[PDB]
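> Return a 3D structure for these sequence lines:
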Amino acid sequence: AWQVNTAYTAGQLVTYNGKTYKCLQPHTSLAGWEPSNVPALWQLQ
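Numbers count the residues shown, from 1 in each chain. Pasting the structure now:
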C-alpha cells in the first residue's frame, strides 16, 4: 500500500490502485509521484 507524504528507502515496495511498484532510490513520496512519472527510481511491474 503506497503511502503519500512518506519516507521510502531504496529497495522498497509500494502498491497503488491494484498496481505494483518497487522503490529503488531513498526519497520521500509526495502527492505527485503516484503515477510513477520517474522510472529512474520507480520499478513497477
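> how near is the most far-flung residue of the chain relative to its centre to residue 26?
Taking CA atoms, centre = their mean as the measure, the residue most remote from the mean C-alpha position of the chain is residue 18, 13.3 Å away. Noted for residue 18: a distance of 26 Å to residue 26, by CB to CB, to the nearest Å. C-beta here means a position set from N, CA and C on the backbone, and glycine is covered the same way.
> Please apply the same query to residue 16.
Counting by CB to CB, the gap from residue 16 to residue 26 is 19 Å.
> How about the contacts made by residue 3?
With contacts defined as CB atoms under 8 Å, 6 or more residues apart in numbering, residue 3 is in contact with 14, 29.
> before we move on, what SS does it have?
Look at residue 3: counting by DSSP: H, G, I helix; E, B strand; the rest coil, its state is coil.
> and it, how far is that from residue 9?
Distance from residue 3 to residue 9, by CB to CB: 13 Å.
> Also residue 33?
15 Å.
> Of these two, which one has the most company?
residue 33 (19 against 9; other CB atoms under 10 Å).
> give me the number of residues near the closest residue to the more buried one other than its chain neighbours?
Spatially, and ignoring its direct neighbours in sequence, residue 33 is nearest to residue 42 (7.4 Å; CB to CB, 6 or more residues apart in numbering). Residue 42 has 17 neighbouring residues, counting by other CB under 10 Å.
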